[PDB]
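Only one chain comes next, encoded as structure tokens, the form deposited in one PDB entry.
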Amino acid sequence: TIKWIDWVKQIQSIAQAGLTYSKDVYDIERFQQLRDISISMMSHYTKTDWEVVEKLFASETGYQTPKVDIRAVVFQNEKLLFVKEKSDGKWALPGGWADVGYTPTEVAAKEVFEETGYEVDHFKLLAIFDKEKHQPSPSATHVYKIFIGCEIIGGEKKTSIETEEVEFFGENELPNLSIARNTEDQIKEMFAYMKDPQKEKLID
């Protein structure tokens, strides 16, 4: 019901597109002004520093698309693999932002290895969720979350500075979820796939 956030996100996106593709020197200056207005609006109405907002909201290059998050979906004995971050104390599927220069499966494999110690392969395309569709909170950013099924083929469980705990959980014993990293409804869809792996793939 906070309508203004999404208008301002659309204004920045169009200003970014203009700064990328316009060859008209007065129009390029128009798009910069518009981008700078989007930062001023966000800065004021979030009480966030102007230059911090510029970095977080308005420093991308090229046409603006949603950002990509990857979530690795690994089962053992009908229990789903979760990792707990030391700092926030909350639990999620292994994954994170898609690093530029990596394919979606290369991100899944790297994130699982760094967060859990496990080697994985045998990738399956499970789902794409739109983070903003029924999102609890307003978002400055738009995210698509790709869920990739993987098989453990090696390594061994290893914790780290960032990851305090690596554990499997059944559908009826879920730990305290980082809703920012995975929703309860996304976890339910992954247990549905585990029960019926030939089921249609969820795409928002």
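Only residues modelled in both forms are compared. Quick note: we count residues from 1 along the sequence shown, nothing fancier. Heads up, when I say rigid core I mean the largest set of C-alphas that superpose within 1.5 Å between the two forms.
Not pictured, yet referred to below: the form deposited in another entry.
- For the residue set 60, 151, 167, 164, core-aligned C-alpha shifts between the shown form and the other one reach 2 angstroms or more at a single site, 164.
- Superposition of the core reveals a Cα shift of less than 2 Å for residue 141 between the shown form and the other one.
- Note: the CA-CA distance for residue 168 and residue 134 contracts in the other entry relative to this form, by 3 angstroms or more.
- Relative to this form, in the other entry the C-alpha atoms of residue 113 and residue 160 separate from one another by 3 angstroms or more.
- After superposition on the rigid core, stretches of three or more consecutive residues whose Cα atoms move by at least 2 Å between the shown form and the other one are found at 134-136, 158-164.
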